[PDB]
Amino acid sequence: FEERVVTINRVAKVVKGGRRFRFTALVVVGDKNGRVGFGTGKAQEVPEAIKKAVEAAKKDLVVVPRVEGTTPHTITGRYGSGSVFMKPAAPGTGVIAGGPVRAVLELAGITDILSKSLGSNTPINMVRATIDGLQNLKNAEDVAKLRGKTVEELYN
RNA sequence: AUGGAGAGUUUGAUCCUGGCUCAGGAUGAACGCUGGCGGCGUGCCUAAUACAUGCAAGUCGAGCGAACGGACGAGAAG
């Protein structure tokens, strides 16, 4: 699994002595073949935080439906105030996405997509919104099975 | 399906709300520095301010009278 460090944040807890600092890492994990995960890890040192995040991301991996390097249908993934619109694109379009979304889509093995972050730009909520969208993605075969029709009948 | 990227900044730290700021494209542009050439364009946006000088509306003799020019070529031998 490829691993990309989306953000590293120095967080502080106030004690009598003063502020105690730890580092938080947000990491996306993917095989670049329809499985992607995200995890957060916190530690006094950044390498240890990254490592914990990688282990967390591997624990939660989501299967993404892909139609020839794009998504099956347009979707708006929403989590909290985070909102990400993702529209399927033709080959050679490239990944048109910003910041956290790019990492998630690339590691999921999506090479062509149109995306816009419509909500919060906070990295974690953008990632969760993106994952939500991918989770609500559906494939024609499953829709056909659920609706008791052939894929051809689905499209008429 | 031919088409859609975000970032910084309120806190000890946080999530949110929210404004501010930036990365792009464009111009009858101006200014600074610099400057080889060619092709094709563009060039008073302001004082519908005032304007020296030349030029930008004439033509027709197959409408007309008249005037000039007087060829060709009429006479005398100084």
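Chain letters run A, B, ... following the sequence lines, proteins first, then strands; residues in each count from 1.
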> Using the sign of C1'-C2'-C3'-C4', would you call the sugar of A50(B) north or south?
Replying inline: north
> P91(A) near the nucleic acid: base, sugar-phosphate alone, or nothing, with a heavy-atom cut-off under 4.0 Å?
Replying inline: base
> What interatomic distance, in whole Å, is found between P of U49(B) and the corresponding atom of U53(B)?
Replying inline: 23 Å
> Which listed nucleotide (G12(B), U14(B), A1(B)) is nearest to the side chain of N9(A)?
Replying inline: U14(B)
> With a cut-off of 5.5 Å for ring centres and 30° for planes, do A7(B) and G8(B) stack?
Replying inline: yes
>> Distance check, P atoms only: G65(B) and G70(B), in whole angstrom units.
In response: 24 Å
>> What's the separation between atom CG in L105(A) and atom OG1 in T71(A), rounded to the nearest 0.5 Å?
In response: 8.5 Å
> What distance separates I131(A) CD1 from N136(A) CG, expressed to the nearest 0.5 Å?
Replying inline: 11.0 Å
> Does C15(B) have OP1 or OP2 sitting under 4.0 Å from an N or O in the side chain of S81(A)?
Replying inline: no
>> For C20(B), tell me north or south, taking a positive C1'-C2'-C3'-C4' torsion as north and a negative one as south.
In response: north
> Are the six-membered base rings of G43(B) and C44(B) within the stacking limits, centres under 5.5 Å and planes under 30°?
Replying inline: no
> Distance between the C1' atoms of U10(B) and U17(B), in whole angstroms?
Replying inline: 11 Å
> Where does the sugar of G65(B) land, north (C3'-endo side) or south (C2'-endo side), based on the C1'-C2'-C3'-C4' torsion?
Replying inline: north
> What about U9(B) and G19(B): are they a Watson-Crick or G-U wobble pair, with both distances under 3.5 Å?
Replying inline: yes
> Just curious, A66(B) north or south if you read off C1'-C2'-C3'-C4'?
Replying inline: north
>> Under 4.0 Å, heavy atoms only, any strand: does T93(A) hit a base, just the sugar-phosphate, or nothing?
In response: base
>> Can you measure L118(A) atom CG to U17(B) atom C1' for me and round it to whole angstrom units?
In response: 17 Å
> Distance between the P atoms of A71(B) and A52(B), in whole angstroms?
Replying inline: 49 Å
>> Need the pair for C40(B). Rule: Watson-Crick or G-U wobble, both distances under 3.5 Å, any strand; none if unpaired.
In response: none
>> Suppose you measure atom P in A30(B) against the same atom in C44(B); what distance do you get, rounded to whole Å?
In response: 11 Å
> At under 4.0 Å, does any side-chain N or O of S120(A) touch on OP1 or OP2 of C16(B)?
Replying inline: yes
> For RNA chain B, whose closest nucleotide is more 5', that of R19(A) or that of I124(A)?
Replying inline: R19(A)
>> Taking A47(B) as the reference, what is the distance to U34(B) when you measure between their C1' atoms (whole Å, please)?
In response: 35 Å
>> Can you work out whether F21(A) or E68(A) has the more 5'-proximal nearest nucleotide on RNA chain B?
In response: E68(A)
> Given atom CD of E106(A) and atom P of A5(B), what is their separation to the nearest angstrom?
Replying inline: 15 Å
> Rounding to a whole Å, what distance do you find between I113(A):CD1 and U2(B):P?
Replying inline: 15 Å
> Between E45(A) and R22(A), is there a salt bridge with N-O shorter than 4.0 Å?
Replying inline: no
> Choosing from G4(B), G12(B), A13(B), which nucleotide comes nearest the side chain of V14(A)?
Replying inline: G12(B)
> What distance, rounded to whole Å, do you find between the two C1' atoms, one in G18(B) and one in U11(B)?
Replying inline: 15 Å
> Out of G6(B), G3(B), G4(B), which nucleotide sits closest to the side chain of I96(A)?
Replying inline: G4(B)
>> Measure OH/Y79(A) against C1'/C15(B) and give the value in whole Å, please.
In response: 11 Å
> Do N33(A) and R66(A) get their side chains close enough for a donor-acceptor pair, meaning under 3.5 Å?
Replying inline: yes
>> With a cut-off of less than 4.0 Å, is there a side-chain N or O of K116(A) near OP1 or OP2 of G3(B)?
In response: no
> Applying the side chain to side chain contact (heavy atoms under 4.5 Å, CB included) test to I110(A), which of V104(A), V95(A), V64(A) qualifies?
Replying inline: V64(A)
> Would you call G61(B) and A62(B) stacked when the test is ring centres under 5.5 Å and planes under 30°?
Replying inline: no
>> Looking at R35(A) and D31(A), is any side-chain nitrogen of the basic one under 4.0 Å from a carboxylate oxygen of the acidic one?
In response: yes
>> Is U17(B) paired with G61(B)? Use Watson-Crick or G-U wobble and require both distances under 3.5 Å.
In response: no
> Hey, can you check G28(B) for me, is the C1'-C2'-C3'-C4' torsion putting it north or south?
Replying inline: south
> How long is the line joining CG of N121(A) and P of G8(B), in whole Å?
Replying inline: 7 Å
> Is there a donor on the side chain of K87(A) or the base of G3(B) sitting less than 3.5 Å from an acceptor on the other?
Replying inline: yes
> Rounding to a whole Å, what distance do you find between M126(A):CE and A7(B):P?
Replying inline: 6 Å
>> Distance check, P atoms only: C45(B) and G28(B), in whole angstrom units.
In response: 13 Å
>> Using the rule side chain to side chain contact (heavy atoms under 4.5 Å, CB included), only one of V54(A), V27(A), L26(A) pairs with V5(A); which is it?
In response: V27(A)
> Is it true that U17(B) and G18(B) stack, with six-membered ring centres under 5.5 angstrom apart and planes under 30°?
Replying inline: yes
> Given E48(A) and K42(A), is the salt bridge (charged side-chain N to carboxylate O under 4.0 Å, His left out) satisfied, shown in steps?
Replying inline: CA-CA 8 Å; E48(A) 307 163 1; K42(A) 208 180 313 178; over 6 Å; no
>> Show the nearest heavy-atom pair for residues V151(A) and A140(A), with the distance to one decimal.
In response: CG1-CB, 3.9 Å
> Reckon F85(A) touches a base, only the sugar-phosphate, or nothing at all at heavy-atom distances under 4.0 Å?
Replying inline: base
>> Base, sugar-phosphate or nothing for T122(A)? Non-hydrogen atoms, less than 4.0 Å.
In response: sugar-phosphate
> Base rings of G28(B) and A29(B) under 5.5 Å apart and under 30° in plane angle?
Replying inline: no
> With both distances under 3.5 angstrom, what nucleotide forms a Watson-Crick or G-U wobble pair with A56(B)?
Replying inline: none
> Roughly how many Å is it from CZ in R102(A) to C1' in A7(B), rounded to a whole number?
Replying inline: 14 Å
> Taking CZ from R10(A) and P from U14(B), how many angstroms apart are they, rounded to a whole number?
Replying inline: 10 Å
